[PDB]
Structures are given as C-alpha cells and as structure tokens.
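Below is one structure, written out as structure tokens; comments come after it.
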Amino acid sequence: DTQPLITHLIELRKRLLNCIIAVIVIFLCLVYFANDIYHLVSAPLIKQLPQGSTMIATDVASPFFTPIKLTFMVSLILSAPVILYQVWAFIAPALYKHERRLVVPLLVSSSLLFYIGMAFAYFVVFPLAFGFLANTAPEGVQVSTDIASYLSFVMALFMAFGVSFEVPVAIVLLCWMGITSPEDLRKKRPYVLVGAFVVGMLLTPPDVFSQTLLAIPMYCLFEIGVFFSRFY
Amino acid sequence: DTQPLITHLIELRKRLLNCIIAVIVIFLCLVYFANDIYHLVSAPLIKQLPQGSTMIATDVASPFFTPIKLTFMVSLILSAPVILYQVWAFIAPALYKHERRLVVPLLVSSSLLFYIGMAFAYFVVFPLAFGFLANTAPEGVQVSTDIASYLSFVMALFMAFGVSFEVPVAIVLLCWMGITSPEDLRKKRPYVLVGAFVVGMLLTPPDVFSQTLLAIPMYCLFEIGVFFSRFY
Amino acid sequence: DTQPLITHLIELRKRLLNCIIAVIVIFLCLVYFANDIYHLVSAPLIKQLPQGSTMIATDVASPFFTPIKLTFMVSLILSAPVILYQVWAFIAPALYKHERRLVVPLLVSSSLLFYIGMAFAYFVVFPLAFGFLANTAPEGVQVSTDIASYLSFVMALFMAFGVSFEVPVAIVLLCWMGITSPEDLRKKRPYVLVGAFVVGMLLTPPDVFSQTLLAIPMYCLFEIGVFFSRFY
Amino acid sequence: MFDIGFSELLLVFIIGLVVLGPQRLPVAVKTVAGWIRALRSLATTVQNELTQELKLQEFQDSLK
Amino acid sequence: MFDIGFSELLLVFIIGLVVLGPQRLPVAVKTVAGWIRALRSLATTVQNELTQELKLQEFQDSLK
Amino acid sequence: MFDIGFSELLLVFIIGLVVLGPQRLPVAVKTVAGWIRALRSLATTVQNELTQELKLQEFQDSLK
Amino acid sequence: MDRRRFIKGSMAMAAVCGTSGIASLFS
Amino acid sequence: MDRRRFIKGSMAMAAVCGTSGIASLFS
Amino acid sequence: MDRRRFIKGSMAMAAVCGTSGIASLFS
C-alpha cells in the first residue's frame, strides 16, 4: 500500500509527540526530586567511599544540571514502554507476518530484561565494583568523585547491562524460531569477537576503555547465549 | 577593479600583522597580572561559594596556563576595535554603497553591545547564577570548582551574552532600512527556532547543554527584537 | 620478489603476535606493582606539591584503571626493542641497500634517545616544571591534581621529549651521508616552522595547547640540530 | 557521526588479524565494504524518490 | 570540522518535525541542501580560479 | 581520523601567511594538496590490486 | 512509497550520516 | 579577481572545511 | 605484490583513513 511522504511524516510526527509528551510529563513530575533521585543513584558509591572522602562538583553548572540530566534520562527509561509502543505502531504495517512473530517477542522481552539490567547492576554490581574501585587508589590519593563523571559512569554501566542482558534471550529466541542454530553460532565466534570491538568502537568515544567496557559484555554474554541454545 | 591574488594576500598579511601585534602588546602588558585578572573573573563565584568550599586545579598545568589563557582572551577582547577596523579596511572595497550603509552601523553597534553583554553578564547574571548554582548541590557533595572548567563556562557565557545582545539591534536596524519587516519576521518564527538549534549544534561541542545554552538566548533575543520592531 | 597477499599477512600476523606476547608478558609481570609504579611517576609532583595539597581521583574507575593504563604504557615502552625488531624484520626485504644504511642507524639511535629523553624529562624537566606549576596557582586555589589528568600530562611530555630527542641526531645523520646539507636546512626554516604546527595539529587533540607543546620542541631542536650539522 | 579513534581502529585490525587470520580478514573487510556500499546505494535511491515526491507535492499544492 | 553529535542532530530533526511540520521540514532540508551545494560549487570554481592565477604567476616569475 | 580544530587550522594559515608570505604560502598549499592527491591515488590502486588478488585466491581455494 | 521502504530508507540515511557525516547526505 | 570575489571565495572554502574538512578542499 | 608495495600501500591506506576516515577507504 503506497502512500505519499507526508502521510508517513504526519504519522511519525504524531508518534513523536506522544513520546515527547510522555517524557516531559514524567520529567515534570520528577524534576522536583532531582537531588533526591541523585542520592539514590549515588548511594552505592557513598557507602563504599573511604573515610574522609566525599563527592565533589568540578563544574559550575554541575550541582544543578547533573541531577537535572539524571532525572531526564530516568524519564526516558520510565517512558520506554510508551516510546516502544509508538515505535511498534509506526513499524507495524512494514513488518510481514513472519517478521511480526519475532519482533513482538523481542520488544516485550527487551523491555523487561533492560530493566532487570539496572536492577542487577544497581543491587549487585554497583556495591561490588564501588567497594573495590574506591578502595584501590594509590597511597596519598584522595578519592574525590566528580558528580558529572559518576553520572556518565553509572549510565555507561546501566546501558551496558540492559542491552547485554537481552543478548542471550535474543540468541535463544533466534534458535527457537530456527533463524540460527547453535552449530552456526560456534563457527561465527571469531567474527563476533572482532564485531564486538567494531560495535564498541562506533557507539563509544574514541577511548579504548569505553570500547572494551562495552564489547566484553556483548561477547561474553553472547557465549552464554550459545550455551543455553544447547538446552532448547 | 580586478587585482592579482598576491595583492589581496599582501594586504591581508599586512592587516593580519596589525591584529597580531595589537594582541601581543596587550598580552605582554597583561600577562604579569594574569593571577590578578583571574581574581576579578572568579570574584563572583568566590563570593557565592558555600562555607568550606574553594576553587581547585585538577590539571598539572592549569595553575599557570589557565590564567594565561584568560589574559590572552582578554587581549583578544580588548583588541576587538583594532581587529574590526582591520577587517573593515580589508572588506571596504568589496562592499557596495548600499551594503556599506549596513556594515558600518553593525560594526560600530556590535562593539558596544558585545562589551555591554559582558558587563551585564558579569555584574548581573554572574552574581545571580553563581549564588544559585553553587548552593543547589546535592547533600554530601562538596562544590570544588575547577579553574579550567570555570574559565570555559565564563567564556561561553560572555560570548553568548555579547552575541545575543547584538541580535535585537541588528533586527531593528534591518527593519529600519526595510530589508525585513515585523510581519515577515513573525511568519519566519518556526524556521528561526529550528535554525537556532542548528547554529548551536555547529558552533558548540556535541553536548546538548552547549547547544541549548546558545540556542535559547539566540531565539529569545530574536523574539525581543521583533517586539521593538513594532515601535519603529 | 612478488609474493601473494596472504604471505605478507602471514608474516605480519606472526610479527604482530610476537609484539602482543612481549607486551602482555611484561604487563602481567608489572600489573601487580601498578600502584607502586604510579608512586614513582607521581613522586616528582608530590615532592613539589604545596602544603595541604594532595592528588585526587575524580573518576570512579580512575583509582584502578589509571595505574593499569600506566603500567600498560610502561610495558609498551619496555617492549619497544622487541616491537622495533619485528618492524625491522618485516620491512627489511622492502629496503634497498642504500636505504638500509639509513634505517638501521635511525632505529638503533632512536631507541637509546627515546629512553634518554624520558630519563631527561623525569630527572630534570619534571622537578623543575612541577616546582613552578604547583606553586603558581591564583590565591585561594587549591592544587588538587587529578591522577588521570596527570598521567596524560606525563605521557605527553615523555612522548614529546623522547621523539624530539631523536630530531637533532637524525638531522646530523642525514647531513653525514649527504641527504641534506646545512645550507639547505637553513632555507627550509620557514617551512619547518609552519610544518611543525601542522604536525602538532594532526597528532594532538584540537586544543592549541597540545599543538604548541609538540611544535615548539620539534622546531627548537630542529634549529639545534642544524647547529651541530656545522660541526660535521 | 560515529567517533572513531586511531587506537580503536588499530585494535580492531590487530585483533582481526590474530583471530580471523590472513585468509579470513581480507574477506571480512571486503564483506563490510559491500555493506557500506549497499547502505549508500540505498540512501541515494531513497533520496531520489523523496525528491521526486516533493516535486509532485509542489505540483498538487500549487494548483490547490 | 564543525562538531556534530548524533543527539544534537536528532534533536534538530525532532524539533523541526514538530515545529515546521510534515509539509515544511522536507522543503527546509531541500533548501539547506541547495545552500551547501552552492557553497561547494562556489569553493570549487574559486579554487580553479586560484590554480589558474598561480600558473600565471609562475610564468611571470620565471621570466623575471 | 586526525582531530583538526578550527582554531588550530586558522593558526596554521595565520602563521603560514606571516612566515612564508603571500608568494610562498599558495605554492606550499598546492604542494601539500599534491601529496594528498598522490596519497589517495596510491591508496586506490593498491585496493584495486588487493581486490584482484582476492579474486585469484578464491579461484585457487574453490578448486582445492 | 510504502512504510517498509520509508523505514528502510530512513535508517540507511541515518547510517550514512553516522559513517560519513551530514554533508555526505546533502551531496 | 576582485576583493569581493576573494572574500566570497575564501568564506566558501572555510564553510566547506567546517562541513567537510580540509581533505575535501584539497580533493 | 612485493613487500615494498605492500608496506607502501598500507601506509597510504592508513594515511587516507587518518585524513578522510574509514568510509573513504571503503568507497
């Protein structure tokens, strides 16, 4: 069913507005608690900071705009079900019946696993990592964590865990529908390892640290996904 | 009057030397007071910092090269009348008589408004903004502003207020000759709003914060310019 | 002697492995002393820090990954003789007899001069520079040097001094075989000055400070290299 | 635009050479080049279609 | 290079779609594309003019 | 990609104009442009040679 | 133009911009 | 070549370099 | 192909990527 370009842009504008309205309304209901929301996010770090160590703000606008930046992305995460539905409704006529049987399970399962990524990272990984990182400084070095740097690190881990949690289930689903077999995944192992570094390079700043902090979660959790593909 | 390329390059080199000489002479007369100049610039922030908070230097070369960077930027600002004259003298033959009736009023008015923007930012905006930003930090966060980051923030605000101050007068001057009308500026409102985001994107680092810090003053000051266009 | 592409890639892969193995083995033998290695590197700064001043870590992962990054770079520097030999053994068939008489003296002398350059920077430049930079801060500014920023500054100075140390000897070597005469070096002085800014622009971040930090040692030691070319 | 560093790119080729090997890395780079070639070909033909539709919209809008 | 971020570019297109609309944004992008096309055309012709003048200078300088 | 800033590039041209002069700077830019032209010409012919060799490898590998 | 071709083309243009910048698209 | 063409051309090159880099200018 | 041409071409390809990105090489 061919349609004029404006028809697709009319629909896209309507769906984009519903995404912006959802984010703004959630942001307005949450912007008043920006400092309280930052206390929750920085709670794992504060509990593990050494005696005499406290968080600092090295930027003039950081004390205000870093909590504001945090509650904005919290709004984006909380509005993901609305955003994903608008994405689904825009791409629903494009998908065929056979492609509909795969995208719908992916969209629903991604949302839950992406939240379990934060729950696992916040309640398990953050206490373990912060208790080690904050107490491994060289002698004479005072751990004074910048609030702007901490927010970037936390969202880097939250995005990494949420995305990488979906990889094993996506692999198992692809094995279930028959798109890919465990045998074919084992012979594509060298390419995924190189491909993981390529994906990490593109989606991260040119620092190698950000490349490896992302690529290793994909390739490792790719390997676990192949393991459960046997039990299916 | 067609001329060889070297003739234009001989003239441009001569005008470039005058700009370079003016900046260096001012810099040499000011580099000895680099710390005293930084004290004046950092005075609004120091007065509004919380008890127990002070400026820090997170870079090894920051204690020396941040005051040197500031006094060099002051040299460029104080040499703007010389630079603008050399720019004017190099582009004077290019301009036609009708174009000369615009560039001269814009060049003279921009110089005063750009300085007034700094005076307005320093004497009004800085005490109000620093008194709020420095005292809105989350609990347990120690405001330790870096001198290198403070200079970037101060310079960004100084340029933003100096440039935005020229927008209304430029609009009224365009309305006065008849290049543009208030009716035409009102129906071009959606394009300027989108265009302001484009201008902010190009002239600022890829951070959205820097994009909006330039766009909102640009679009808002555009709106005030249309207001005074009615009373002319 | 023409060869298939895989033959060159087989040889390159073999030599790349020998470089990777050398770096990793050194890194494994050194990663346990990462904090102790950082103490040696930061020792010139600590001795020159003002009373009440200490190094800080503004990043969450900085206390662990900054010493790890440093001990990895030390592994690269310590493995340079192995890396350079593998590079030599892969490019030896490419070089002719006359080009072999130039590359071999350059490679052997570059290794010693690079080590002498960093030893000169650590034992002479670092105590003098840190004693000035750490004590020239504006009044009320607390010198709190970040460990991650200090590592970048130290590596920038170590690389700059090591590379620029090879320039005067390379110039003398070129004058010795007759590739370039001291007379021809004097008439190319304007081009090297402009070229130094180009080389610094490409190999450094877009900050002008990093451009000049590489350009001035390269152009200055180029001038000193021409001076010794007279005495040959 | 994606931010690609020289160190990041060298690591990819270094890892690709030691993992994929001398016989599979050239084919992998050739395959990736074809993907980018097809991506730009698809971008160009769609932009041509959008330009042709915009002209049709102008014809309809001008008459009405 | 002007530093352009993916988030910054998406914001412009998102804002442009909701402000300019489905019927004005494509024309706005088309107009901006023409500006860049004319900008690169102007750069190309002047470089050709500069190259020709440099050849003339060499002829004059060599004789003198 | 090498990271080039607008301030860094302007400094190079400003320094080049005042050091090399109005008569030597245009020749210097022309010479540097020729180096990049030769660099890209050498890159293209090598990729053509690599593509032709990869085709030969496939023919040998397929038979064996 | 159908929805599938619109989505496919939009992603291709976005991918080109991420690999060659916004000036390449307008070329 | 006149001064107006010199200024108009020079700004075009700077604008092109700001949108496509110095390599595009030398192409 | 000899060793000299392989090294000469590799440096040229690396130099192009440093001045025009990896997309130019794949073009």
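Here's how to read the names in the structure tokens: chain A, B, ... by the order shown, residue numbers from 1 in each chain, ligand numbers from 1 in the order shown.
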Cα-based least-squares overlay of chain H on chain G, as a compact mmCIF listing (two decimals) with C-alpha atoms, in the first residue's frame:
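result12.txt written:
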# COMPACT_ATOMS: atom_id res chain seq x y z
CA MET H 1 6.17 4.73 -1.32
CA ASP H 2 5.27 2.24 1.41
CA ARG H 3 6.06 2.31 5.12
CA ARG H 4 8.71 -0.41 4.77
CA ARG H 5 10.61 1.63 2.17
CA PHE H 6 10.30 4.75 4.34
CA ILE H 7 11.80 2.95 7.35
CA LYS H 8 14.45 1.16 5.28
CA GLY H 9 15.50 4.39 3.57
CA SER H 10 15.48 6.45 6.77
CA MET H 11 17.77 4.00 8.56
CA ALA H 12 20.10 4.06 5.55
CA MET H 13 20.37 7.86 5.78
CA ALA H 14 21.03 7.71 9.53
CA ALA H 15 23.66 5.01 9.02
CA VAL H 16 25.31 7.03 6.24
CA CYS H 17 25.33 10.16 8.42
CA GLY H 18 26.89 8.13 11.23
CA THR H 19 29.68 6.96 8.92
CA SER H 20 30.08 9.91 6.52
CA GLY H 21 28.28 12.87 8.11
CA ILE H 22 25.33 15.07 7.20
CA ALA H 23 27.37 16.73 4.43
CA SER H 24 27.57 13.41 2.57
CA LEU H 25 23.77 13.07 2.71
CA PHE H 26 23.31 16.55 1.24
CA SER H 27 25.92 15.86 -1.47
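Omitting region 11-19 of chain F and its sequence neighbours fewer than 4 positions away, and counting only C-alpha atoms, the residues within 8 Å are residues 13, 16 and 17 of chain B; 190, 194, 197 and 198 of chain C; 7 and 25 of chain F.
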Kindly save the residues from that selection, with N, CA and C atoms included, as a PDB file, in the first residue's frame.
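Output file selection33.pdb follows:
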ATOM      1  N   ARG B  13      47.921  39.967   4.688  1.00  0.00           N
ATOM      2  CA  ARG B  13      49.049  39.760   5.589  1.00  0.00           C
ATOM      3  C   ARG B  13      49.349  41.017   6.396  1.00  0.00           C
ATOM      4  N   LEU B  16      46.628  41.310   8.962  1.00  0.00           N
ATOM      5  CA  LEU B  16      46.783  40.267   9.970  1.00  0.00           C
ATOM      6  C   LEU B  16      47.900  40.609  10.948  1.00  0.00           C
ATOM      7  N   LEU B  17      48.988  41.201  10.453  1.00  0.00           N
ATOM      8  CA  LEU B  17      50.093  41.575  11.329  1.00  0.00           C
ATOM      9  C   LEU B  17      49.662  42.623  12.344  1.00  0.00           C
TER      10      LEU B  17
ATOM     11  N   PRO C 190      61.517  28.428   7.179  1.00  0.00           N
ATOM     12  CA  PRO C 190      60.109  28.853   7.237  1.00  0.00           C
ATOM     13  C   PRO C 190      59.120  27.714   7.066  1.00  0.00           C
ATOM     14  N   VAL C 194      56.120  26.262   9.875  1.00  0.00           N
ATOM     15  CA  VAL C 194      54.715  26.049   9.545  1.00  0.00           C
ATOM     16  C   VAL C 194      54.374  24.566   9.614  1.00  0.00           C
ATOM     17  N   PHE C 197      53.587  23.227  13.179  1.00  0.00           N
ATOM     18  CA  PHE C 197      52.215  23.459  13.612  1.00  0.00           C
ATOM     19  C   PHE C 197      51.248  22.478  12.963  1.00  0.00           C
ATOM     20  N   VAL C 198      51.518  22.068  11.722  1.00  0.00           N
ATOM     21  CA  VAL C 198      50.663  21.090  11.058  1.00  0.00           C
ATOM     22  C   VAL C 198      50.801  19.724  11.721  1.00  0.00           C
TER      23      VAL C 198
ATOM     24  N   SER F   7      40.360  26.455  15.376  1.00  0.00           N
ATOM     25  CA  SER F   7      41.400  27.344  15.884  1.00  0.00           C
ATOM     26  C   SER F   7      42.786  26.871  15.460  1.00  0.00           C
ATOM     27  N   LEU F  25      53.173  30.831   0.469  1.00  0.00           N
ATOM     28  CA  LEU F  25      52.067  30.069   1.045  1.00  0.00           C
ATOM     29  C   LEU F  25      51.189  29.405  -0.010  1.00  0.00           C
TER      30      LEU F  25
END
Separation of CA of residue 102 (chain C) from CA of residue 177 (chain C) in Å: 8.5 Å
Residues near residue 148 (chain C), cut-off 7 Å, only C-alpha atoms, skip fewer than 4 positions along chain, as a PyMOL selection string: chain C and resi 62+66+152
Among the residues B:160, B:203, B:59, B:180, the one that comes closest to chain H [using only C-alpha atoms]: B:203
